[PDB]
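Below: the structure, in structure tokens.
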Amino acid sequence: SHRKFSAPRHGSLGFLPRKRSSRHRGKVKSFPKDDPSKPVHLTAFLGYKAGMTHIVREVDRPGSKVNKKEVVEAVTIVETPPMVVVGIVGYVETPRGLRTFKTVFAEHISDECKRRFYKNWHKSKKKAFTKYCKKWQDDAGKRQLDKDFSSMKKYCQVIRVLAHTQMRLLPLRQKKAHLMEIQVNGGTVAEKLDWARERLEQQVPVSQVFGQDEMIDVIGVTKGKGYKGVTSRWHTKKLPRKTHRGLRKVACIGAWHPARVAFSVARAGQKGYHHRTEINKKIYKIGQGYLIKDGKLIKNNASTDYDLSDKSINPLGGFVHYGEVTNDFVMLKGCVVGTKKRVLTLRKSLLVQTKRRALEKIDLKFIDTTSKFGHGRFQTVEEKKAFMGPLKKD
Amino acid sequence: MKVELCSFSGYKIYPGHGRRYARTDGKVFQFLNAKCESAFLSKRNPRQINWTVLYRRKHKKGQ
Amino acid sequence: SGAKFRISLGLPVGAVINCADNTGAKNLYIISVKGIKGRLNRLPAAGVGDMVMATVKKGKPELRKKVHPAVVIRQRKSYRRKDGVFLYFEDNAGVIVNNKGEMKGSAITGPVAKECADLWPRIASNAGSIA
RNA sequence: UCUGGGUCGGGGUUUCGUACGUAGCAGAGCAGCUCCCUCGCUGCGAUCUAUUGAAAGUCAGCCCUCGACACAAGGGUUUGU
RNA sequence: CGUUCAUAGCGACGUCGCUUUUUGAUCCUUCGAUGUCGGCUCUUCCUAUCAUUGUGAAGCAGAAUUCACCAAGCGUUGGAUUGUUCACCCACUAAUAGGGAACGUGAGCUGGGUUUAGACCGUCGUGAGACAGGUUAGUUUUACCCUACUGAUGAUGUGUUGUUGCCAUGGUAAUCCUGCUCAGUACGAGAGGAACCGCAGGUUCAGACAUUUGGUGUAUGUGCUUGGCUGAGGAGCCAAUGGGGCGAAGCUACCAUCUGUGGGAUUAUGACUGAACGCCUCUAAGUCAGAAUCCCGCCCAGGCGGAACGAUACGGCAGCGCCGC
RNA sequence: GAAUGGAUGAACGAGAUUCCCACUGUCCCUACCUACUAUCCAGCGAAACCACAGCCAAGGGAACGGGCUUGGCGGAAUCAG
RNA sequence: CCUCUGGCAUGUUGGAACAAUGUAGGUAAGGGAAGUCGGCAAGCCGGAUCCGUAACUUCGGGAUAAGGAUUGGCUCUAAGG
RNA sequence: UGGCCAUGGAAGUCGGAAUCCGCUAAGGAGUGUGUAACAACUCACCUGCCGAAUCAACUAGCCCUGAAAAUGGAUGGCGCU
RNA sequence: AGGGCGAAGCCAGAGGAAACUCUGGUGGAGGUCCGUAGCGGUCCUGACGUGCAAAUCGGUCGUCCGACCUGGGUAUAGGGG
Ligand SMILES: [Mg+2]
Ligand SMILES: [Mg+2]
Ligand SMILES: [Mg+2]
Ligand SMILES: [Mg+2]
Ligand SMILES: [Mg+2]
Ligand SMILES: [Mg+2]
Ligand SMILES: [Mg+2]
Ligand SMILES: [Mg+2]
Ligand SMILES: [Mg+2]
Ligand SMILES: [Mg+2]
Ligand SMILES: [Mg+2]
Ligand SMILES: [Mg+2]
Ligand SMILES: [Mg+2]
Ligand SMILES: [Mg+2]
Ligand SMILES: [Mg+2]
Ligand SMILES: [Mg+2]
Ligand SMILES: [Mg+2]
Ligand SMILES: [Mg+2]
Ligand SMILES: [Mg+2]
Ligand SMILES: [Mg+2]
Ligand SMILES: [Mg+2]
Ligand SMILES: [Mg+2]
Ligand SMILES: [Mg+2]
Ligand SMILES: [Mg+2]
Ligand SMILES: [Mg+2]
Ligand SMILES: [Mg+2]
Ligand SMILES: [Mg+2]
Ligand SMILES: [Mg+2]
Ligand SMILES: [Mg+2]
Ligand SMILES: [Mg+2]
Ligand SMILES: [Mg+2]
Ligand SMILES: [Mg+2]
Ligand SMILES: [Mg+2]
Ligand SMILES: [Mg+2]
Ligand SMILES: [Mg+2]
């Protein structure tokens, strides 16, 4: 018989094999369509989820009840120290797909990057790209290099730069810097390639990719939760108290007579550590890192035009389970995928953004900087020292 | 962003945090956190409780 | 013009919020919440500012033994305002009302939540304190 | 050997709510002794004040130390166009 | 019949069918047993479409509407009584459409009801006993096998190894509503009373997340306190977590917060040019618009499928890469 | 329907119902914690069951096939469920 | 419930983890039986002293009816041989 | 020619018995629209243009409508014009 | 075990003209109530369900001076007890 009282089914099939993702670094499954017209640029970046916090802002959507009313708002800090371009890699269209065609690597490559290429660095002699870099200083090699670049000019269509992180500049344990292919979207391929050939071995900061009040897509791996039962992993009803063989289950897997259990039926398995591409996360603040002209410039982070203090986005006692954000960072609206410390791919949108909400200009009023390691009540240490007065530790 | 003061302890309450109580007499209280609010609801006279501002004013601490 | 925003709604069907207008009713047994499509097994729930059908369980015998519309005015479940302040109210409470939003009483004892005030003007007019 | 990661220590953060001891003309009263002084002295006495936002915990999956201590090319199995 | 008018909507007397969500026939299968109703829970299909999209109809002025077409994408709820299926009532709603899967689903539950044994009542029986007549009390076993599904190591290949990648094939997702505006406007004698574009939000669903609010809390963190026990103080312990305040981190909640997209072919339909048929016709050759559809996109997984690039065993015995013969 | 006992009835009942107050995770709607498991390891080590076996759709067929026909297809060995 | 006398080695094993399902305990915001055949299960209540105690009744009961208040520590007083 | 029956109005026109003559080139005592009823409109006979076949009623072949089911599916399959 | 209720009888005081009645005690009745050991075995339709167990375990329960529980001895034997 039919099921009596209808109800929409639990969980989406558009997300499954609900298995542990192969990758850790979230792949960009599609870069935006390079119109050939606008100038060249990078489409993606690779940051790190340092931590959350508040903002306060005046909102300007006329019509709303909240028009010209200061709301608060959660935000993620994605610490994003500049990447280093160490390669380009040409692709060519085929009817089979999109074959990689030619990879030209830079001359010098950091041990940050070289780390990646060995499973055990302690034990290696660190001999990678050793016979490669010989090419970059002779007649023969330099000529072959030029012919490779020329061939890419003749044949290739898509060009991706290879860059990698500056694992050096982070509070993370790891030294093995994440590489990633990032796509150069812009003018003609010959122009496109000579841009990336100029950028080779060079820094690239965040502000060169992204701008403020820009919708971007966060790509990463979800905070993993191990083996989980069907009630956790699918949010199935619990069965009642009296159930004899347990109650965090599904009762009827399936009907008798497709005499197999279907792929659509809810089973217990891996919950979390899935790959996920959340879209439309507006950049409220691209924040300038600590720098030196005479003394430190720690202010330039979490100070606003209306606050004017001497904060950084770092709260008291740091971001928890992370560190100090001593580098440039972006500040997205809302939560994003994954854990603290997780490497996170940003990506420019796939989508022509023209909604009132997606063109809204964000002027921040106040960044909360109170500790997250307990219930914080002081924004800065100087404020605390004022409020408390002197302590026995003096 | 009018920073308010905790009706128990005395600390300031920054926009994000804490909770707002609206008693039927028709007067309102702000609590920094639950710790304050619990002492308030259990009727603890904050001048008796050391860590509050009201106590330390009463006992002339600092200065 | 400007619409409501959702708020943590802590009156499922089965609550007896106290009538806070001068009718003569004391309680308001919420038998249903107006404008709820709802899902299997799920109780219809009315926060503050929500319309509601309401049997009176104790009070005058004119009102008893029939259904009236009503509005929830305070509620003990702490909702979050858009300015990031949570707020709760000490008591759940409402007012008997007609289809078109007018009160059938005349004066509201206690404070009304401004989520309810802005959305219900005739309630707001008879409300002494707001928020 | 971007000298490193680790243990201990030190800060920071934070949780709780002000330790022991000592002192007090604080302390409902009571007692012993007498100089029967009843503010006599001396003792008992919940609690109170002060020292004292003190004490104590705070990565084990918080943050910074570059202070102290050692320890850091070591072992085993592999695989060939 | 529908004032008038067979056919807007209907439809007698007659007639032709489909259907197996009714009940009968029948007894082919199973009596060395296929667990016998209902409810819960969960998935999937069908359409004979209640709503939602696109449309033709009216006895369609508007509003409300019934009739029909494409169409099953997405929905179709909360309760009172009843073991119920069914039924009815209240309430909300956009709508509270209908079914199938061994009358889906007992090694999934439950066991209220049927349907052992204990008992009561009525009617029947001389009686033992009987009763699709009522009542109450009454054991719900087993998975470690194979498959299927869920996730988890691996597998053959590529000389070995690592890299960054492509993408065959699978899956797939968004939903509907309110308010404001249009506007007391069109339409209408009035009564009443729309719609497209905007704008603001919300339902249900999905995917995350923990700044904040809440929950947990054996950091057994820090007080407080019972009975006992270290002669007492101090410091502690025991009482299967002695109890209780408050509680970091961490999990976690429409109980907190964030995000949810674009094309193509066309269907129904309405059209163009235009014969057949010196006219006329959307059609016959030819052309246009066209959708909750379908296919892709995005999104998830990634093939006994490929890719470019790196390094390729100094040695103490080594072993190999090219080249030519 | 009247000792096949009728009508009653305080007290009593691990007896059968119905409502109200209180109270609650019964539920809305699930969540976190603890202990013993399950898990991996050393040692030890059973049983039921077993024609052969074990991927599907449809067909026909003793009228619901793992095996047959026609199609889809098929990749070692395993782990927790 | 904790202790001495006396008695034991945790009931036929150990180690490492802390997943899903369980078994046995706990706690939960707002609501409070909307759950379910049915408040099943758990929760409320609980000791004592002082008040206060209904209908009904076989006058014995009902009755701890219901419904209220108090409770610690300390320092004293008075009353009982 | 308000023809007759029917008055409730049918002078062609809800219906029904009738149902012919004149002018005629020729128009039914009327196919409908519609009217309280008319009116008004609409539906032969003949021309003007154009330039050979035209049109009706049956009948039977293929094709199509009629033609709705639940795991995804079967002229045996692939396919075939 | 320990508690509760407090029947007859008895004392005093007060009233009553008498009959006798009230008030305070004492007294300790009962197939009386709570509740241990004991005896039992309601519910969870809990655990277990190739068990610890061919009927056990946990909480929750009934009863707990009486038709009470219980050892040994002794009697009744199969259409018989
Ligand atoms: Mg259905
Ligand atoms: Mg059971
Ligand atoms: Mg925090
Ligand atoms: Mg339900
Ligand atoms: Mg007729
Ligand atoms: Mg049959
Ligand atoms: Mg079976
Ligand atoms: Mg149809
Ligand atoms: Mg069945
Ligand atoms: Mg089954
Ligand atoms: Mg069973
Ligand atoms: Mg039964
Ligand atoms: Mg029976
Ligand atoms: Mg096992
Ligand atoms: Mg002590
Ligand atoms: Mg014990
Ligand atoms: Mg057409
Ligand atoms: Mg077209
Ligand atoms: Mg189109
Ligand atoms: Mg696809
Ligand atoms: Mg009789
Ligand atoms: Mg008689
Ligand atoms: Mg009888
Ligand atoms: Mg078989
Ligand atoms: Mg033990
Ligand atoms: Mg042992
Ligand atoms: Mg033993
Ligand atoms: Mg609760
Ligand atoms: Mg129900
Ligand atoms: Mg119910
Ligand atoms: Mg119970
Ligand atoms: Mg009673
Ligand atoms: Mg059982
Ligand atoms: Mg078992
Ligand atoms: Mg044992």
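Residue numbers (the authors' numbering), protein chains in the order written: chain B, 2 to 395; chain W, 1 to 63; chain V, 10 to 140. We put the beta carbon where it would ideally sit given N, CA and C, even for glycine.
- request: For B:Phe320, decide whether its Cβ has a neighbour in chain W, counting only Cβ atoms nearer than 7 Å.
  value: no
- prompt: Can you list, in chain order, the residues of the region 34–52 of chain W whose Cβ is nearer than 7 Å to any Cβ on chain V?
  reply: none
Enclosing alpha helix (DSSP H) for B:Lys148 [first to last residue]: Per DSSP, B:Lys148 is one residue of the alpha helix (DSSP H) stretching across 140–156.
message: So for V:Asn108, helix, strand or coil by DSSP?
response: coil
task: Could you round the C-beta distance between B:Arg58 and B:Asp306 to whole angstroms and report it? I think they count as a contact, below 8 Å.
output: About 12 Å; that fails the 8 Å criterion.
query: Taking B:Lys373 as the reference, which of B:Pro316, B:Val210, B:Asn68 has the closest Cα?
result: B:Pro316
task: Give, in chain order, every unbroken run of the beta strand (DSSP E) that is at least 3 residues long and sits entirely within the region 54–133 of chain V.
output: Counting only runs of 3 or more, we get 60–64, 76–83, 95–97, 102–105.
- prompt: How would you label B:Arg161, buried or exposed, when you count the other beta carbons within 10 angstroms and need 16 or more for buried?
  reply: buried
query: From B:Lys132 to B:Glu192, what does the alpha carbon distance come to, in whole angstroms?
result: So the alpha carbons of these two residues sit roughly 29 Å apart.
task: Using a Cβ-Cβ cut-off of less than 9 Å, list which residues of the region 89–118 of chain V approach chain W; keep chain order.
output: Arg90, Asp92, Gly93, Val94, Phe95, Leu96, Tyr97, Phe98, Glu99, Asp100, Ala102, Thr118
- prompt: What is the DSSP secondary structure of W:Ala34, reduced to helix, strand or coil?
  reply: helix
- request: Out of B:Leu14, B:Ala45, B:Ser152, point me to the one whose CA is closest to B:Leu345's CA.
  value: That would be B:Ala45, whose Cα lies nearest to the Cα of B:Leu345.
message: Using only the alpha-carbon positions, how far apart do B:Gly88 and B:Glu202 sit?
response: Distance from the CA of B:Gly88 to the CA of B:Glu202, rounded to the nearest whole angstrom, comes to 8 Å.
- prompt: If you pair each beta-carbon of the region 249–265 of chain B with each one of the region 225–238 of chain B, do three or more pairs fall below 8 Å?
  reply: yes
- prompt: What residue does the alpha helix (DSSP H) around residue 1 of chain B start on, and which one ends it?
  reply: Nothing can be reported for residue 1 of chain B: it is not among the residues displayed for chain B, which extend from 2 to 395.
task: Using beta-carbon positions only, say whether V:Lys123 and V:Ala140 come within less than 7 Å of one another.
output: Yes, the Cβ-Cβ distance between V:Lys123 and V:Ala140 is below 7 Å.
query: Which runs of the beta strand (DSSP E), 3 residues or longer, sit entirely within the region 47–130 of chain B?
result: 71–80, 84–94, 99–106
field: Any chain V beta carbon closer than 7 Å to W:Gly26
entry: yes
Contacting positions in the region 14–38 of chain V - beta carbon closer than 9 Å to chain B: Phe14
message: Against B:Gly390, what residues of chain W qualify as contacts under a CB-to-CB distance less than 7 Å, listed in chain order?
response: Within chain W, the residues near B:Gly390 are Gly62.
field: Reduced DSSP secondary structure (H/G/I, E/B, other) of B:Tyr228
entry: strand
query: Which two residues bound the contiguous alpha helix (DSSP H) that contains B:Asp195?
result: 190–199
field: Segment limits, alpha helix (DSSP H) that includes B:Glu361
entry: Where B:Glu361 is concerned, there is no enclosing alpha helix (DSSP H), given that its DSSP letter is neither H nor E.
query: Does the beta-carbon of W:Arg19 have 16 or more other beta-carbons within 10 angstroms, so that it is buried, or is it exposed?
result: Taking a 10 Å sphere around the C-beta of W:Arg19, we find 16 or more other C-beta atoms and assign the residue as buried.
- prompt: Is the distance from the Cβ of V:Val42 to the Cβ of V:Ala55 below 7 Å?
  reply: yes
message: Would you call the region 116–135 of chain V in contact with the region 9–27 of chain W, where contact means no fewer than 3 C-beta pairs closer than 8 Å?
response: yes
Range covered by the alpha helix (DSSP H) that runs through B:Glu383: Taken as a continuous stretch (DSSP letters only), the alpha helix (DSSP H) holding B:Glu383 covers 382–389.
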